[PDB]
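Protein chains in written order, with the deposited numbering: chain C, 1 to 440; chain E, 75 to 143; chain D, 1 to 42, 45 to 278, 286 to 360, 369 to 441.
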Ligand SMILES: CC[C@H](C)[C@@H]([C@@H](CC(=O)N1CCC[C@H]1[C@H](OC)[C@@H](C)C(=O)N[C@H](C)[C@@H](O)c1ccccc1)OC)N(C)C(=O)[C@@H](NC(=O)[C@@H](NC)C(C)C)C(C)C
Ligand SMILES: Nc1nc2c(ncn2[C@@H]2O[C@H](COP(=O)(O)OP(=O)(O)OP(=O)(O)O)[C@@H](O)[C@H]2O)c(=O)[nH]1
Ligand SMILES: Nc1nc2c(ncn2[C@@H]2O[C@H](COP(=O)(O)OP(=O)(O)O)[C@@H](O)[C@H]2O)c(=O)[nH]1
Ligand SMILES: [Ca+2]
Ligand SMILES: [Mg+2]
Ligand SMILES: [Mg+2]
């Protein structure tokens, strides 16, 4: 019951999936061959970790996950890597030719050749569930597959599963690690196409993560491996309420109720603490009060933007580890005194809090210190729209000269789809302005 | 009150079904339009290349005509 | 898994072609007999992009050698790496093209083109997933320029969805005194603007100037020029041949480099340029006009797009800092309406004989200087209708010359239009 199916799309989605599933295995005590000695029910069960793992008669715990990419070389590393036994081969799906950083190839020319096979494999996972809750979809904004195939997939999932919930983890581009000049086009196209199909989307700004790795972990030039280990901790924080239970645990769906006041306003800002190196964490106790305060420091946000220049519509705190109610209540009291957190006039101001007692885990060879307690704040702030404005501006610069547009038109797209997508983004920015205005 | 309860749940079903229906139709429209556009772009490209072939035939025809004179 | 088919045509095409295969064979640890004897797995990771595997673990270049006379190809065959090529992939006539584009394109070349296509199909059929074609050729002669462009058209007809890439050697009076060269080049450029996706402009003018002025070679040989060419071709194909993130295949390169379909002519550059370095120095030099393989000053135009490739063991932090520095300090020379238009790749494997090197690929509107130089030479002959009988005698019409000139001048106009454009 309450199963969640994860779908990892394109290089970024797949590589982040690697990092997340490895971390989940460590958190639950699952070996790379999928055995879990602590699990006494063989071949099934309804424990909390079963929302994310099915089981075979032979004791294997198998991710409820599909990996899909339009070329094989990234998923091939999964197929031959450390966790190769973890996945059934049919969960790992590849084509031969990728989308070449072109939304149109991912959604149409190339994506159309594999979409039916992908849905068939998702259906096999869905059939195993006794109460499927929804999907978690991981993908880049910038890549041709991450943008175009994800959009196609989300549209097809709405048809095949109706309003079954679909959440996204979406990688927002940064120039330090970007690989295509047309990423703003792909970003706007996929955000427009997916908007009415997604219930909640957590944007992960690669520049924010890049900065945190440089500044907090003293990593000179972060790699995708550095970025993805940090990202996976944030994803783990957010999915922890689904995978563990405890008296103080609050389900992700309850946070979602508070976080989404209108269907289109569904992009929470995540902020995570503590991000600290072993060297600096040694002989340093980071209290509940300290990690909570860090949630309101924009340096720790997953998306670059300034909530102090915006208004809040909701604030959720997701704690894990050695965290007791009295300390959380005292920390929030302090914050409400010292920080001006301004809410819109039509929302209550109380923070919604969940606590999971299982402490954070780290993967061997990482740069993150292992800590006794951590927190992820999820906030609904008008400031998140800053991220749209930056992308929309880059789109506008190129589109005004129709730069690169012929690559899309040559694959069957029309200029009307570009302008329609950009107009939807203009309307989204206007929606975020409007919810911030005081009531009459 | 019971009639109202029935109406509310049938409304929920109808709106879910209509969402699926319109998603389904939008997608079929988009895919057909894309297919036709891409095929037309390829057709035009081939058409131009085939005109080059014809032109080349004329060039050789022209050379042959010049030759005996 | 993503194969490239290589075609080399005419004297120049086969000369630089052979050198390219010698150079990357060494980089991938392939010996002249096709046997692998290398030290690192990174050498074999993407070997199938350029080589077929045969029995007994032999690697054979996916290469087709084309000419209308047999001399150069005989030279290649009894070369160092002559035996590495597939014998059936040598396709040659006997009568030559006499430095006549019309012979290459309409007459002699047209008689040989079908047997070349037979070899192309054989190589393409056995591909797991063909990405496209790369052609080496000169624009000044008759076979490479005329038959080379004919092959492009024919291949495009049967593979219209694949990428077509050329390494095109531009003629210069300094290197050769053949009078008809601007005709052959202008007729060629007319074909390339319509039918290739990306063309590297290898300018003999620039090659001669580097050899004479920089390398201080009093009398540069063709061998000297080709040394630059092979270094360059190695550099710009590094991201295709070794594992990597950026511009890792022909189509992703094109999507990053070509904002408008006709503007697909690149100015390559290489550092260091030496004959008998810090990251800041590498970076300075690769953006330096003295290091460009096309005879154009980038400070006389603006960059639409740039790809930079660094090779060797170096600090990626430093490379990132220096690339940001170059763009910031020279912001006027990058079009503001294409954000983030400079992409950088680093490959750990240096080229033979260097600790580190840098290769530059620019789509700069200053490339119009190259086309203007040709156009000037062209029009000087064509205004007085000089030497046209060579071409009309093969059946060509004057109007085709006019159209070719017209198209090339249009290409120049378009570079200027985008050089002049502003964001606001
Ligand atoms: C500047 C134009 C080319 C570059 C030079 C060069 C030709 C060359 O290198 N030639 C003519 C094929 C033989 C080759 C060289 O000969 C010494 C060998 C060693 C070679 O470079 N071999 C290389 C490794 C080989 O791959 C190869 C490449 C191309 C062709 C043949 C062989 O010789 C100085 N030439 C014609 C010249 O310098 C001649 N200059 C002129 O003709 C001038 N007008 C009088 C202009 C056109 C340059 C002088 C000899 C009078
Ligand atoms: N955080 C993170 N970002 C990544 C990773 N891989 C790629 N990206 C980002 O994703 C964008 C590029 O899209 P990719 O996911 O590589 O492309 P793809 O989905 O495989 O699509 P095609 O290759 O075009 O078929 C750029 O913004 C990259 O910085 C990763 O492992 N982690
Ligand atoms: N860089 C370089 N240029 C060459 C070489 N051989 C010929 N060329 C140039 O190519 C043009 C002549 O074309 P060529 O290839 O000799 O004629 P083809 O055999 O009919 O293609 C002239 O501008 C020459 O300067 C070479 O080995 N290297
Ligand atoms: Ca069990
Ligand atoms: Mg990819
Ligand atoms: Mg010659």
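By construction, the Cβ of each residue, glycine as well, lies at the ideal position given by its N, Cα and C atoms.
For residue 144(D), count neighbouring C-beta atoms within 10 Å of its own C-beta (all shown protein chains included) and say buried if the count is 16 or more, exposed if not.
That one is buried.
Taking residue 408(C) as part of the alpha helix (DSSP H), name the residues at either end of that continuous run.
Run containing residue 408(C): 405 to 409, per the alpha helix (DSSP H) assignment.
Does ligand 4 have a heavy atom nearer than 8 angstroms to the CB of residue 42(C)?
True, at least one ligand heavy atom lies under 8 angstroms from that Cβ.
Report yes or no: is there a C-beta of chain D within less than 9 angstroms of the C-beta of residue 107(C)?
Not an interface residue.
From the DSSP secondary-structure annotation, give me the bridge partner or partners of residue 168(D).
Paired residue(s): 137(D), 201(D).
Expressed to the nearest angstrom, what Euclidean distance is found between the alpha-carbon atoms of residue 69(C) and residue 411(C)?
Going from the Cα of residue 69(C) to the Cα of residue 411(C) covers about 19 angstroms.
Between which residues of its own chain and residue 327(C) is the CB-CB distance below 6 angstroms, once the five residues before and five after are set aside?
Result list for residue 327(C): 288, in chain order.
Measure the CB-CB distance between residue 157(C) and residue 3(C) and report whether it falls below 9 angstroms.
No. Outside cutoff.
Which of the three DSSP states is assigned to residue 372(D) in this structure?
Three-state DSSP puts residue 372(D) in coil, outside helix and strand.
Could you check where the beta strand (DSSP E) with residue 115(E) kicks off and where it finishes?
Note, residue 115(E): premise wrong, no beta strand (DSSP E); alpha helix (DSSP H) at 76 to 142.
On the CB-based measure, 16 or more other CB atoms within 10 Å of its CB, does residue 212(C) come out buried or exposed?
Classification of residue 212(C): buried, given that the 10 Å Cβ count is 16 or more.
For the stretch 163 to 173 of chain D against the stretch 86 to 93 of chain D, are there 3 or more C-beta pairs whose distance is under 8 angstroms?
Short answer: they don't touch.
Are any of the Cβ atoms in chain D nearer than 9 angstroms to that of residue 138(E)?
Answer yes: the Cβ-Cβ gap between residue 138(E) and chain D drops below 9 angstroms somewhere.
Which residues of the stretch 119 to 131 of chain E have a Cβ closer than 7 angstroms to any Cβ of chain D? Give them in chain order.
Under the 7 angstroms Cβ criterion, the stretch 119 to 131 of chain E contributes 119, 120, 123, 126, 130.
Over the uninterrupted beta strand (DSSP E) stretch that includes residue 373(C), give me the two end residues.
Run containing residue 373(C): 373 to 381, per the beta strand (DSSP E) assignment.
Could you tell me how far apart the beta carbons of residue 66(D) and residue 125(D) are, in whole angstroms, since I believe they sit closer than 8 angstroms?
Correct: roughly 7 angstroms between the Cβ atoms.
Assess contact between the stretch 403 to 410 of chain C and the stretch 358 to 374 of chain C, defined as three or more Cβ pairs (one per stretch) separated by less than 8 angstroms. Is contact present?
Flag = no, the stretch 403 to 410 of chain C and the stretch 358 to 374 of chain C do not touch.
With 9 angstroms as the limit, tell me which residues of the stretch 96 to 117 of chain D have their beta carbon closer than that to any beta carbon of chain E; keep them in chain order.
Residues passing the 9 angstroms Cβ filter: 104, 107, 108, 109, 112.
Determine, using beta carbons only, whether residue 135(E) comes closer than 9 angstroms to chain D.
Chain D contact via Cβ: present.
Under the rule that 16 or more other beta-carbon atoms within 10 Å means buried, what is residue 218(C), buried or exposed?
Residue 218(C) should be labelled exposed.
Going by DSSP in three states, residue 106(C) sits in which element: helix, strand or coil?
Helix.
Could you tell me whether the Cβ of residue 156(C) comes closer than 9 angstroms to any Cβ of chain E?
Cβ-Cβ to chain E under 9 angstroms: yes for residue 156(C).
With ligand 5 as the reference, list in chain order each residue whose Cβ lies under 5 angstroms from any of its heavy atoms.
Result: 11(C), 98(C).
DSSP state of residue 61(D), grouped into three classes?
Note: residue 61(D) maps to strand in three-state DSSP.
Looking at C-alpha atoms only, which residue of 270(C), 338(C), 340(C) is the closest neighbour of residue 319(C)?
Closest by alpha carbon: 270(C).
Which residue comes first and which comes last in the beta strand (DSSP E) that contains residue 61(C)?
Residues 61 to 63.
Measure the alpha-carbon distance for residue 376(C) versus residue 382(C) and round it to whole angstroms.
Going from the Cα of residue 376(C) to the Cα of residue 382(C) covers about 19 angstroms.
Cβ of residue 115(E) less than 9 angstroms from any chain C Cβ?
Closer than 9 angstroms to some Cβ of chain C, the Cβ of residue 115(E) qualifies, so yes.
In the DSSP output, which residue or residues are listed as bridge partners for residue 101(D)?
Partner(s): none; residue 101(D) has no beta bridge.
Taking 8 angstroms as the cut-off, is the CB of residue 29(C) close to at least one heavy atom of ligand 4?
Checking every heavy atom of ligand 4 against the Cβ of residue 29(C), none is found closer than 8 angstroms.
Please tell me whether, using a cut-off of 8 angstroms, the distance from the CB of residue 291(D) to the nearest non-hydrogen atom of ligand 1 is below it.
Residue 291(D) Cβ: outside cutoff for every heavy atom of ligand 1.
Under the criterion of a Cβ to heavy atom distance below 8 angstroms, does residue 204(D) qualify as lining ligand 3?
Residue 204(D): yes, Cβ under 8 angstroms from ligand 3.
Considering only DSSP beta bridges, list what residue 171(C) is partnered with.
According to DSSP, residue 171(C) bridges with 140(C), 204(C).
Under 6 angstroms Cβ to Cβ from residue 408(D), same chain only, skipping five residues before and after it: list those, please.
Only 104 meet the Cβ criterion.
Indicate whether at least one CB of chain D lies closer than 9 angstroms to the CB of residue 117(C).
No, residue 117(C) lies away from the interface with chain D (no Cβ there is under 9 angstroms from its Cβ).
Taking the CB atoms as reference points, tell me whether residue 34(C) and residue 56(C) lie closer together than 9 angstroms.
In contact: residue 34(C) and residue 56(C) (Cβ atoms closer than 9 angstroms).
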